[PDB]
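**Student:** Model the following, please.
(one chain, ligands or ions: 1)
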Amino acid sequence: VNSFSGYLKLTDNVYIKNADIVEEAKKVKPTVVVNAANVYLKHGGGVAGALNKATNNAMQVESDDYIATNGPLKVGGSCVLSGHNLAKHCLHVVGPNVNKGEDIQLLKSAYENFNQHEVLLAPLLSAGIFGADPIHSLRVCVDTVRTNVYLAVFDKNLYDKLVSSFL
Ligand SMILES: Nc1ncn(Cc2ccc(Cl)cn2)c2ncnc1-2
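**Tutor:** Numbers count the residues shown, from 1 in each chain. See the structure here:
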């Protein structure tokens with residue numbers, strides 16, 4: 001039993017809710033919140049900009065030190081950093097950005113990072129400003145993630161479409 005509330009169950013292990021991931025993180029304090037990161041961990045907009053803003057820029061400060069030490073992530077890769085005031089940990093995952101021409105097949109690799117964590121609060125990878133089709137992203141999520149994932153979808157209109165077109 002966990003503290004996630006109001007989710008619709010899609011499969012054995014995937015759940016979905018119309019929610020602001022920032023507000024959901026602050027209420028649940030999950031062990032892991034997933035960030036929709038880029039390889040430079042520059043949290044300027046979308047989910048990343050919102051999560052970072054909610055940490056009063058502490059996420060960005062920590063991320064800049066991470067990059068200075070380790071260099072950029074790979075597209076499809078991830079790193080675990082602090083969750084600050086939002087979660088115990090933040091899993092920064094880099095989905096492909098279609099608006100940069102990155103290979104959508106890397107989306108499966110990106111979701112594989114979730115399998116290293118038993119339970120996660122997450123957005124749909126490569127959705128929003130990353131330019132992928134959120135319905136495809138949901139399908140890859142369901143077909144790749146085996147651990148328990150609670151998907152927060154900010155846009156109500158999109159949430160309803162994801163539920164209604166879900167196979
Ligand atoms: N605070 C928030 N802002 C934006 N989105 C949309 C979004 C989804 C996926 C990606 Cl890759 C980029 N952006 C959110 N979903 C849940 N919470 C969100």
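
**Student:** Just the closest residue of the chain to the ligand, please.
**Tutor:** In the chain, no residue comes nearer to the ligand than residue 128, which is 2.4 Å away by C-beta to the nearest ligand atom. From N, CA and C alone the C-beta is placed, and that goes for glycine too.

**Student:** Can you tell me the closest non-neighbouring residue to that residue?
**Tutor:** Spatially, and ignoring its direct neighbours in sequence, residue 128 is nearest to residue 46 (4.9 Å; C-beta to C-beta, 6 or more residues apart in numbering).

**Student:** Give me the distance from stretch 8-23 to the chain's centre.
**Tutor:** In this view, stretch 8-23 has its centroid 12 Å away from the chain centroid, taken as C-alpha atoms, centre = their mean, to the nearest Å.

**Student:** Then stretch 82-92?
**Tutor:** 12 Å.

**Student:** Quick check: end-to-end length of it?
**Tutor:** 10 Å (C-alpha to C-alpha, to the nearest Å).

**Student:** Indicate whether that stretch makes contact with the ligand.
**Tutor:** No: using C-beta under 6 Å from any ligand atom, stretch 82-92 stays clear of the ligand, coming no nearer than 11.3 Å.

**Student:** Please enumerate the strands of this structure.
**Tutor:** For the chain, strands defined by DSSP state E occupy the ranges 8-9, 14-18, 32-36, 78-82, 89-93, 119-122, 148-153.

**Student:** Kindly reformat those as TSV containing mean neighbour count.
**Tutor:** What follows is the strands of the chain, written out as TSV (neighbours: other C-beta atoms under 10 Å):
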stretch	mean neighbour count
strand 8-9	12
strand 14-18	20
strand 32-36	28
strand 78-82	17
strand 89-93	24
strand 119-122	22
strand 148-153	24
